[PDB]
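What follows is one chain in structure tokens, specifically the form solved without its partner chain.
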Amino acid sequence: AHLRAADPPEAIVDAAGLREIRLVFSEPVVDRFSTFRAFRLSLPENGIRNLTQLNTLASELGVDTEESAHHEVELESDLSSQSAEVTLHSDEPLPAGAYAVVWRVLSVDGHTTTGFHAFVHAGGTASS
């Protein structure tokens, strides 16, 4: 499988009120065996200067990351579109910050893949 589509995209977005992340894969995702988590990333003193730097940080996290050593976003996932689309619904609106979603997916073809998708939320839980 591979990721076809993700919203928010890999971008600095405003999106005040954001409370969901959507991923669309190229194949149906098998339930149970596929898992999804997201993190609010700690930015280094004086920040990051492009999304390449953000991607480097995000690439080190995974589904077996330890929650107490990081800042996990609590969320609930559901499968749709004959299980090719995954919607991650956050408990409350996401504040501003840099975020990564990480996964391990077993696809209908029987292969397991891992990956991540990262973005910068420049809006807050509500409109300025």
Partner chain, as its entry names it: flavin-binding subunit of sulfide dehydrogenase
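Numbering follows the first chain given and starts at 1. Whichever C-alpha set is largest while still superposing within 1.5 Å between the two forms counts as the rigid core. Shifts are known only where both forms have a C-alpha.
Form solved in complex with its partner chain: not shown, discussed below.
With the partner omitted here, the residue from 31, 78, 74, 60 that has a non-hydrogen atom within 4.5 angstroms of its partner chain in the bound PDB entry is 60. Its partner chain is not shown here, and in the bound PDB entry it never comes within 4.5 Å of any heavy atom of residue 89. Although the partner is absent here, residue 65 is not a contact residue: none of its heavy atoms lies within 4.5 angstroms of its partner chain in the bound PDB entry.
Although the partner is absent from this view, residue 56 contacts its partner chain in the bound PDB entry, with a non-hydrogen atom inside 4.5 angstroms. Residues 44, 45, 46, 47, 48, 49, 53, 56, 57, 60, 69, 70 of 43-78 are found to place at least one heavy atom within 4.5 Å of its partner chain in the bound PDB entry. Once both forms are fitted on their rigid core, the CA atom of residue 72 lies less than 2 Å apart between this form and the one not shown. Relative to this form, residue 93 and residue 67 separate from one another in the bound PDB entry, with their C-alpha atoms ending up at least 3 Å farther apart. Relative to this form, residue 68 and residue 42 approach one another in the bound PDB entry, with their C-alpha atoms ending up at least 3 Å closer.
Shifted stretches between this form and the one not shown, defined as 3+ consecutive common residues each with a CA displacement of 2 angstroms or more after rigid core fitting, are limited to 67-70.
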